[PDB]
Amino acid sequence: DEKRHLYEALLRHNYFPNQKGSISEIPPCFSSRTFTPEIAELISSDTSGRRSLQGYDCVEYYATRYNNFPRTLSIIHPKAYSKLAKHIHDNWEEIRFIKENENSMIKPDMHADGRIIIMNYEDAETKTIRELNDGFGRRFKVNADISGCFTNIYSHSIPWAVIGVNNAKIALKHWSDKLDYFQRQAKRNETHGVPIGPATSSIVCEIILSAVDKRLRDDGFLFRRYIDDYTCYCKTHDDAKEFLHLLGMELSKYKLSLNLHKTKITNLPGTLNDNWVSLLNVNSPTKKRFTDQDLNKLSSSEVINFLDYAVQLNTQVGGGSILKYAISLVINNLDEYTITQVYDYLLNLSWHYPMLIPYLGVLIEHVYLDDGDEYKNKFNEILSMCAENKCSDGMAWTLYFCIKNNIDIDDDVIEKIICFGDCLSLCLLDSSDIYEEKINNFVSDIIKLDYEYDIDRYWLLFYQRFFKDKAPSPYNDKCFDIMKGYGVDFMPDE
Amino acid sequence: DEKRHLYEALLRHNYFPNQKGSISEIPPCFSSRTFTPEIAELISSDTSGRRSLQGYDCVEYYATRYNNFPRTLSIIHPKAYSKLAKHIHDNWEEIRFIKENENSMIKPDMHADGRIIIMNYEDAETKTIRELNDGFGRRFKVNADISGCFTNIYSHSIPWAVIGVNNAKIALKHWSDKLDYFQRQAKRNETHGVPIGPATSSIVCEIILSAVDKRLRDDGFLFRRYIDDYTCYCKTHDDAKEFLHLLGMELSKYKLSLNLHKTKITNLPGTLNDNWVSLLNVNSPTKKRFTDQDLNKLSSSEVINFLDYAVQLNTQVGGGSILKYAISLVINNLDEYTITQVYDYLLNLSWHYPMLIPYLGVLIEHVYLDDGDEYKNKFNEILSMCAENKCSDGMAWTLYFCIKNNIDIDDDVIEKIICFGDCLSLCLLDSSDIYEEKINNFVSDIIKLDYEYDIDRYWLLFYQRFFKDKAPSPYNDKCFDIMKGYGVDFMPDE
Amino acid sequence: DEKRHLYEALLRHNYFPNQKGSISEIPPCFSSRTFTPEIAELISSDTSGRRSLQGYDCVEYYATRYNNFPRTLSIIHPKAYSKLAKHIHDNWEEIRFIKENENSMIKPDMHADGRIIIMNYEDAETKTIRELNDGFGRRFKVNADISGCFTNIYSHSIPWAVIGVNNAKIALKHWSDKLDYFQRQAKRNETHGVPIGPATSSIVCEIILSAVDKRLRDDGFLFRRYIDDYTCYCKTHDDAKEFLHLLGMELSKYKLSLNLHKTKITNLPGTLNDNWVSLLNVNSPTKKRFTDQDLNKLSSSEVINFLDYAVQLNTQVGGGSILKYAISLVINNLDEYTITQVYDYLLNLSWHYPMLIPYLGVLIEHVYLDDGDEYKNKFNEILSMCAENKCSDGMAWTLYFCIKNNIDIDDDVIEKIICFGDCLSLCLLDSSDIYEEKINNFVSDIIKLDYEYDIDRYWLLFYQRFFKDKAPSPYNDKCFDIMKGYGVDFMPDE
DNA sequence: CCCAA
DNA sequence: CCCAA
DNA sequence: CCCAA
């Protein structure tokens, strides 16, 4: 069923930020499964407890981009998220028009693994044919980015996209207003912004932007929207300017604005991908298959020189995730002679760029990690860099590697982890049970601060300690008790 | 025999512009065969008919270059061309000194297919050895282009190249003066310019430039001439300047001038080809043979990324036919999975660059052209672009593909084809017999205009309608009747 | 034994400049073998003879770099070199601390072929792991070159590096002062500069720079020294500036200075090699092994286009020996169809860049050198270029090829060789015995000039003529008689 | 692997 | 195929 | 080999 798959996607698969295709932003030890729709129904049915503050804060997870710029993913508190997901499920007949939006490529869709939101799920076949069909006969390409699609989207504009702005103003119940209310409750009862990473906020953004897509489609524009990025194909240059103008009016109707720095008009034919993508693939040592596995095994010189050229392209161009693309090109065609060289190169690049840290888990088995403790020092230096740069993705993945592979962590970097206080990193540290007293001191400071949003920012740590009977429930409601009684575990075993 | 091969080359093979090596400028449905030297002798023997105007105009065929710049190829009227080819044949003993010109690479030569003029016929072996032998010991390379070798060459300078300028001035019969007269009669009795594409004008240009080559050779210069482009290899820089000066005086002796924008002096060692050629071949996915056909079959990612890199190189460098070179690199190593992707990419690039249109005939069989009529819309949009940009090569090749592969053509683009009025495109439209009344209206307008040059500009259309008994002969001479009686057909069946 | 291997390395293997890894700076017909430590002991024991001048001059050998910049290698006179090598051997216990210097990569080391100094002997395994371990956790790379490590190194600073500057000043016997004296006697009793190429001067430079390396190491700096080039890896930018400052003080302590033009600070991660190295290897047609020899045989188009791209990279970047790297990439994977093309390309590039001349010996057998005498003209034009540009490496290698392969040399270029008067080229000319009277006139001019340094600059030519009984010994000592009596030959047969 | 320092 | 939006 | 002049 579409409805049941939507419910299980919202809670069991796309609650945590898990929208990436190949490697996740979060280590795989964190999983939102065993959090079923029945449990969320029981949470939403709970009315006990008193909150001094209005709304709920969320666990914040800082993941670096390719330019080391932090992006704040969020894990919503399960009470507010359960209510929001239940309301989205209950009115899915009125919401599912976002599925039949041909212009939006990244939208809800029934996937095999159980998700609804997967970025870049479509294959290169249909992708290539689609951009060649859209770009045919047109000599201008328009790239326009919404400035604040996650950070300043208007929750009160959720009705305005559904029934119209004027009709929603006269009408002030409808499901869109309740969706607005629950989306506000997801983040501290704040009217602006949505948590990045869950599919509920992606559904809300699709609902808001579907009216803009419909208005642009009714004017005859050929365009594709990936989340907030619009790519339009225009026969003439005034058509590009008119698309930009009409998109500006349609975004300003819902209190949104184009990123004036990011919008650009290029001459077709450009490239189907970015230019660095073709530069990398045309220089890839693994670009041709041989159908025998011994032939397509890369040597040391090939991979080392290709990664050096990738660093050259990242410095010179820097138009995207060049290093991650090249590493994913060469990481699966390695032989056992060259594992140490590529692994040390990945260690250096991962110290410089934390987004390359998860690739260390690809070759984490072949590398003799005991050795002469040099790898322990390198991993702890990576942890120091992650604590200094305040990035949660690299620290979480490195801590996952150290816990799984029994790499020892010094006390000095544990002090830096507590000073940073990333919720997922502290969840991993609590799951190791070595550092119980420091986690206890941290959560005691959070409790004695008596701020409800401070507890909400570490609800996952508090629930992981409560579920293992290491700490009482910080809240006075029954949501944590309901989740513990039905065996909800966000750090499950295999 | 050299003489008979020359005659049959001039009339049966190199009458139409057919000097290209791999793919012709004209679709293969047009052929100058079945136009034998005996028929041209009979045409030249004909003296009947009266012309109000002096000379003959020619069919004009606008072929795009790599930068979309139009180049006007010309098909000479068969009366003037027959007289010109007969005069060139009859005095071939006095003309054939252009064969023994070592500096001119593109010159008449007895070829297997029957032509005398084929551009770049020589193999990479002798080419590579020749530019390495010429460039050895020299540190300067001079590239100097004649500005108007086709557009402002002096017909009265045809005697001046043969017997000398002063001796030809005192002499004012000689065969060079009659060659001048027939070359003038080839284009409207105009003293300046030669029709591009036939080998008669190439022979005339070789005759004129052979004296310049002899004067440069007698001074000890090591140089190579490709049509109008001079490439000289010099030990010192003053030798380069002295070559430029002496070439300027030798060209000004025959009322020619160097293209001052195009001339340049580069430092040896450069590259044997252009720099983009080596950039393409060093990045080519097909650059290495494997001797088994399954191994050297390119995947989708390889060809798509190589063509994206080719578009990048065409935008960034633009020093030559980059896209045509890369397409010819990858078009013969395609598997049946990737035919649709590469064909759609070629359709887009061919809409943007009409010179890539003939490559659509390489994969015209494997593509399911019926489908859902999308390919029909794409071909008609290409026809619209060709009508708007006023290019005859792309329109002629697209019309050939549509007629051969039964792609339907709307009336709206037929209006644009009649508005453009390309002679070869209208020949194809008349050969389809669907659009008889519109072609009849067009030729009725040409007849009622009563301009002899206007009839000469569409002589091929008029003769194709006369040969199929769809229209009477527009002329009053017996040339068309002679060609019809001996079964001359410029649109023959296989 | 380490001591005996050091002695035989200093005299039999690393007397001549033979520090290169793959191809030597000197043709292999020159060999310093059959010059044993016993013979050098006998030379140093000799006290006969009188010298008007103090010290000895050395044979000068001008080898081009990648930018055609001459570098003066030197072959020390065997009396001064024998004394210097004997003194270095006799106190090797006090000198061998330069072996245990971890920061210096190019240092004395017991090698299989008998040398102690081989540049870049270490494999890519340990090299790659070492630069990845050193560059981990650091974001700045410092490249600082000593300006005059060969040309203005202070011989009187040899004690200052050993016992300290102040202690050596108070002390004014010690072995360092005698090493200073013998190093001065090696080059004309001059206090500044060392002869480039022998391992004795490399040992002296290592002795001087070992104190600087120790002072930089005791401050906690992570750095690597290749001859005169320092590469330091720093966590912060002030650490880079502090390394530069401390290295400046440590060099100024021994009257050395940094090359202020060459020093630079780059951002890690850069590339393990230079950027052009990865650009060449990522574009190399031979970069992947196939384990069957027929598959990894390069075609003509592959090598020709790769060498054209290499010339493009050498012109555009010019950061190192790009052409030599690419030629060594493609010279060992050639098939017999493409030998002529690559050989002519190498002939052109070797005329333009004499450092590529030794590669002509790789394919000197497969090329039909008799032919139509064109290769003779090309080799003599290369000899003319070498005489004009005053380069000894290209002339010596070309003369070796002409003598070995019986390529005739005209008298006109022999005049240019005598006018240049390179000692090794004249040694080869004397070893051919064709040009005996011209070599006799040259050495008669040197003798009648009555300058002892002029005889010392051609001591190798004088000894080669004396050993073959073609001329008497120019000196009045017994060193040449000792070398002749024990069969020392610097041009030995196989 | 293949250069140079 | 392999990124990101 | 594969373009253009």
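Each chain gets a letter, A, B and so on, in the order its sequence line appears, and its residues count up from 1. Computed from heavy atoms alone, side chains included, the values below leave out hydrogens, waters and symmetry copies.
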*Asks:* How long is the span from the CG atom in A:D109 to the CD1 atom in A:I106, to the nearest 0.5 Å?
*Replies:* 12.0 Å
*Asks:* Using the side-chain hydrogen bond (donor to acceptor under 3.5 Å, both in side chains) criterion, which residues pair with B:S431? Sequence neighbours excluded.
*Replies:* none
*Asks:* Do side-chain atoms of B:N314 reach the backbone of B:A310 as a donor and acceptor pair under 3.5 angstrom?
*Replies:* no
*Asks:* Set out, in order, the CA-CA distance, both residues' side-chain angles and the distance that settles side chain to side chain contact (heavy atoms under 4.5 Å, CB included) for B:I409 and B:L383, then state yes or no.
*Replies:* CA-CA 9 Å; B:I409 320 169; B:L383 284 170; 3.9 Å; yes
*Asks:* Could you check whether any side-chain heavy atom of A:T266 comes within less than 4.5 Å of a side-chain heavy atom of A:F140, counting everything from C-beta outward?
*Replies:* no
*Asks:* Please find the pair of heavy atoms, one from A:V142 and one from A:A240, that lie closest to each other, and give the distance.
*Replies:* CG2-CB, 3.6 Å
*Asks:* Heavy atoms, side chains only, cut-off 4.5 Å: are B:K324 and B:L356 in contact?
*Replies:* yes
*Asks:* Could you list the donor-acceptor pairs under 3.5 angstrom formed between side-chain atoms of residues 16-25 of chain B and any protein atom two or more places apart in sequence or on another chain?
*Replies:*
residue, atom, partner, partner atom, Å
B:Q19, NE2, B:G197, O, 2.9
B:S24, OG, B:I26, O, 2.7

*Asks:* Donor-acceptor pair, distance only, cut-off 3.5 Å: does the side chain of A:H111 make one with the backbone of A:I117?
*Replies:* no
*Asks:* How far apart are the closest heavy atoms of B:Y345 and A:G270, and which atoms are they?
*Replies:* OH-O, 4.5 Å
*Asks:* For a quick check under 3.5 Å, do B:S299 and B:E302 share a side-chain donor-acceptor pair by atom type?
*Replies:* yes
*Asks:* Atom CZ in A:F221, atom CZ in A:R215: separation rounded to 0.5 Å?
*Replies:* 9.5 Å
*Asks:* Checking B:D344 against B:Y375: is there a side-chain donor and acceptor pair closer than 3.5 Å?
*Replies:* yes
*Asks:* Pair up each side-chain donor or acceptor in residues 274-281 of chain B with any protein partner under 3.5 Å, not counting sequence neighbours, and list the distances.
*Replies:*
residue, atom, partner, partner atom, Å
B:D274, OD2, B:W276, NE1, 3.2
B:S278, OG, B:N275, O, 3.3
B:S278, OG, C:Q312, OE1, 2.5
B:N281, OD1, B:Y325, OH, 2.7

*Asks:* Taking only residues two or more places apart in sequence or in another chain, which ones pass side-chain hydrogen bond (donor to acceptor under 3.5 Å, both in side chains) with A:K235?
*Replies:* none
*Asks:* Indicate the atoms forming the closest heavy-atom contact of A:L244 with A:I265, along with that distance.
*Replies:* CD1-CD1, 4.2 Å
*Asks:* I would like to know whether B:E436 and B:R465 meet side chain to side chain contact (heavy atoms under 4.5 Å, CB included); could you show each step before the answer?
*Replies:* CA-CA 10 Å; B:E436 158 65 26; B:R465 300 180 44 80; 3.1 Å; yes
*Asks:* Between B:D410 and B:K376, is there a salt bridge with N-O shorter than 4.0 Å?
*Replies:* yes
*Asks:* What side-chain donor-acceptor pairs closer than 3.5 Å can you find for residues 130-138 of chain A, not counting sequence neighbours?
*Replies:*
residue, atom, partner, partner atom, Å
A:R130, NH1, A:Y226, OH, 3.0
A:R130, NH2, A:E122, OE2, 2.5
A:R130, NH2, A:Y226, OH, 2.4
A:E131, OE2, A:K127, NZ, 2.9
A:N133, OD1, B:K378, NZ, 2.4
A:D134, OD1, A:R224, NH2, 3.3
A:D134, OD2, A:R224, NE, 2.8
A:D134, OD2, A:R224, NH2, 3.4
A:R138, NH1, A:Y233, O, 2.5

*Asks:* How about A:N103 and A:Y230: does a side-chain donor come under 3.5 Å of a side-chain acceptor?
*Replies:* no
*Asks:* Once rounded to the nearest 0.5 Å, what's the spacing between atom CD1 of B:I414 and atom NZ of B:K416?
*Replies:* 12.0 Å
*Asks:* Just how far is it from atom OG of A:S210 to atom CG of A:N101, taken to the nearest 0.5 Å?
*Replies:* 6.5 Å
*Asks:* Assess whether a salt bridge exists between A:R217 and A:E102, defined as any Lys/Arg side-chain N lying under 4.0 Å from an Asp/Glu carboxylate O.
*Replies:* yes
*Asks:* For B:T338, give me all partners under side-chain hydrogen bond (donor to acceptor under 3.5 Å, both in side chains), at least two apart in sequence or on another chain.
*Replies:* B:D335
*Asks:* Using a distance-only test with no angle check, is there a side-chain donor-acceptor pair under 3.5 angstrom linking A:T236 and A:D239?
*Replies:* yes
*Asks:* Using ring-ring contact (aromatic ring centres under 6.0 Å, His included) as the criterion, list what pairs up with C:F306, not counting sequence neighbours.
*Replies:* none
*Asks:* Between A:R225 and A:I227, is there a donor-acceptor pair closer than 3.5 Å when you use the side chain of the first and the backbone of the second?
*Replies:* yes
*Asks:* Using the rule given for side chain to side chain contact (heavy atoms under 4.5 Å, CB included), can you reason through A:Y66 versus A:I322, listing the C-alpha separation, both sets of side-chain angles and the distance that settles it, and then say yes or no?
*Replies:* CA-CA 8 Å; A:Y66 61 91; A:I322 295 166; over 6 Å; no
*Asks:* Kindly write out the residues that satisfy side-chain hydrogen bond (donor to acceptor under 3.5 Å, both in side chains) with B:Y463, not counting sequence neighbours, or none if the list is empty.
*Replies:* none
*Asks:* Determine whether more than 12 heavy atoms belonging to other residues, nucleotides or ligands lie under 6.0 Å from atom NZ of A:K264.
*Replies:* yes
*Asks:* Nearest 0.5 angstrom please: B:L426 CG to B:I417 CD1, how far?
*Replies:* 8.0 Å
*Asks:* Could B:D433 and B:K470 be called an ion pair, given the rule that one side-chain N must be under 4.0 Å from one carboxylate O?
*Replies:* yes
*Asks:* Using the test ring-ring contact (aromatic ring centres under 6.0 Å, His included), find all partners of B:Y61 that sit at least two apart in sequence or belong to another chain.
*Replies:* none
*Asks:* Could you tell me which residues satisfy ring-ring contact (aromatic ring centres under 6.0 Å, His included) with B:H366, sequence neighbours excluded, listed by chain and number?
*Replies:* none
*Asks:* Give, for atom CG of B:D308 and atom OG of B:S301, the distance between the pair rounded to the nearest 0.5 Å.
*Replies:* 10.5 Å
*Asks:* Could you check B:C423 against B:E60 for side chain to side chain contact (heavy atoms under 4.5 Å, CB included), going step by step and ending with a plain yes or no?
*Replies:* CA-CA 7 Å; B:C423 179; B:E60 268 181 355; over 6 Å; no
*Asks:* Testing the basics here: between A:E206 and A:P108, what is the closest heavy-atom pair and its distance to 0.1 Å?
*Replies:* CG-CD, 4.3 Å
*Asks:* Could you check if a side-chain atom of B:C402 sits within less than 4.5 angstrom of a side-chain atom of B:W397, using non-hydrogen atoms only?
*Replies:* no
*Asks:* Hydrogens and angles aside, do B:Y343 and B:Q341 bring a side-chain donor and acceptor to less than 3.5 Å of each other?
*Replies:* no
*Asks:* Would you check if there is a donor-acceptor pair between the side chains of B:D489 and B:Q464 at a distance under 3.5 Å?
*Replies:* yes
*Asks:* If only atom types and distance count, is the side chain of B:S392 paired as donor or acceptor with the main-chain N or O of B:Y62 below 3.5 Å?
*Replies:* yes
*Asks:* Could you verify whether a donor N or O on one side chain and an acceptor N or O on the other, from A:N273 and A:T271, lie under 3.5 Å apart?
*Replies:* no
*Asks:* With a 6.0 Å cut-off (strictly less than), is the heavy-atom count around NZ of B:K438, excluding the residue itself, greater than 12?
*Replies:* yes
*Asks:* Can you sort out the partners of B:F420 under ring-ring contact (aromatic ring centres under 6.0 Å, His included), two or more places apart, ordered by chain and number?
*Replies:* none
*Asks:* Return a table of donor-acceptor pairs under 3.5 angstrom between the side chains of residues 283-290 of chain A and protein atoms on other chains or two or more places apart.
*Replies:*
residue, atom, partner, partner atom, Å
A:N283, OD1, A:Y309, OH, 2.9
A:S284, OG, A:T286, N, 3.3
A:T286, OG1, A:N333, OD1, 3.3
A:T286, OG1, A:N333, ND2, 3.2
A:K287, NZ, A:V282, O, 2.9
A:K288, NZ, B:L295, O, 2.9

